[PDB]
Amino acid sequence: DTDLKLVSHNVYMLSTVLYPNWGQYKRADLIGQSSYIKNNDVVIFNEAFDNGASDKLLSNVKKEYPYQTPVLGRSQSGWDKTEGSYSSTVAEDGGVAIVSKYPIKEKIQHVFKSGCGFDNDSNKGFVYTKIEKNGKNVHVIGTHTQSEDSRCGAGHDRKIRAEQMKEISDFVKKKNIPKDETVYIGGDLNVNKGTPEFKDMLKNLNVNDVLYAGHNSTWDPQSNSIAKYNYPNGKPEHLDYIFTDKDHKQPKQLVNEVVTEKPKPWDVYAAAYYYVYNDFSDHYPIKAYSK
Ligand SMILES: [Mg+2]
């Protein structure tokens with residue numbers, strides 16, 4: 001009715017200056033040609049860091065999703081409001097963008113005030129959109145929260161995520177969005193399913209849990225060729241979600257499906273080594289919808 005089909009995907013579009021050989025441009029095209037990216041209402045991207053590769057990706061999906069936000073933290077242009085700890089002086093944007101098949105009526109970027117000082121060179125945060133479907137409004141917040149960084153510390157990473165999630169939920173409450181409109185909150189939330197922290201996330205984001213489908217992890221060194229390479233030893237975890245605020249209208253029966261679609265194999269002929277991969281990113285995308 002106003003309920004949406006969404007995808008969220010951390011696309012691993014690292015800086016092509018710092019990480020020249022991660023197939024960023026090749027993957028921007030493959031993602032655009034994929035099936036999972038198609039036939040949704042709204043797509044949330046995370047780790048759209050490299051400006052050129054990210055803009056290519058966004059361009060690759062513009063015909064289907066003509067209404068697009070800028071990428072979080074790139075500049076103040078194109079936003080209805082910029083808030084949080086927005087910095088001109090950070091070399092890296094926040095990598096979050098939202099595209100929509102339906103007109104975006106309002107777009108706000110919020111760079112997180114909470115974070116870690118020895119990788120604070122990112123405008124990480126959330127992007128809020130109000131979207132009009134069938135003359136009615138629906139709200140989508142896309143985000144990407146503090147990674148499990150071995151330098152900041154596990155305990156600190158968890159506290160950072162808590163505060164960042166509270167920034168989102170505070171934003172939602174202060175926005176005074178009428179309770180008869182749904183507010184989706186999704187992205188790479190970096191909290192593993194089935195953990196003590198997971199219960200905290202539901203409270204801090206003010207969301208209900210969802211029904212799950214498909215694969216049982218979203219970052220999976222056992223089946224994903226990119227994750228496998230980077231962290232051969234890694235435990236698969238389920239880190240990407242799309243939830244709705246629990247005090248606003250609920251979808252009929254929200255599902256999060258972890259999609260394991262793979263592109264045709266693609267290579268990087270680095271001077272040092274040759275490598276072949278067959279994933280869009282080191283994370284799998286989530287598709288959310290109600291059946
Ligand atoms: Mg990552």
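Note that these values count all heavy atoms, side chains included, but never hydrogens, waters or copies made by symmetry. Just so you know, ligand 1 is whichever comes first in the structure, and atom 1 is the first atom listed for that ligand. When a residue number appears, it is its place in the shown sequence, counting from 1.
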Exercise for review: Kindly indicate whether a cation-pi arrangement holds for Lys193 with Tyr212, taking the cut-offs as under 6.0 Å to the six-membered ring centre and within 45° of the axis.
Suggested key: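 Judged by the rule (NZ or CZ under 6.0 Å from the ring centre, within 45° of its axis), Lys193 counts as positioned above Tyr212.
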
**Study point:** Total protein N, O or S atoms, the Mg ion (ligand 1), separation less than 2.8 Å
**Key:**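 Number of qualifying protein atoms: 1.
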
Check your understanding: Has the side chain of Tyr241 got a donor or acceptor atom that lies under 3.5 Å from a matching backbone atom of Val191?
Key ->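 Present.
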
**Study point:** Positive for side-chain contact (heavy atoms from CB on, under 4.5 Å) with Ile185, one of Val140, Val207, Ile44
**Key:**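 For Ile185, the side-chain contact (heavy atoms from CB on, under 4.5 Å) check succeeds only for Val207.
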
Review point. Without hydrogens or angle criteria, can the side chains of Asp50 and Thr16 be said to hold a donor-acceptor pair below 3.5 Å?
Key: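 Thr16 and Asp50 do have a side-chain donor-acceptor pair below 3.5 Å.
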
Check your understanding: Under a 4.5 Å cut-off applied to non-hydrogen side-chain atoms, are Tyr128 and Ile177 in contact?
Key ->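 Yes, close enough: below the 4.5 Å cut-off.
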
Review point. Do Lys175 and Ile108 have side chains that get closer than 4.5 Å, going by heavy atoms?
Key: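 With C-beta onward as the side chain, the pair touches.
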
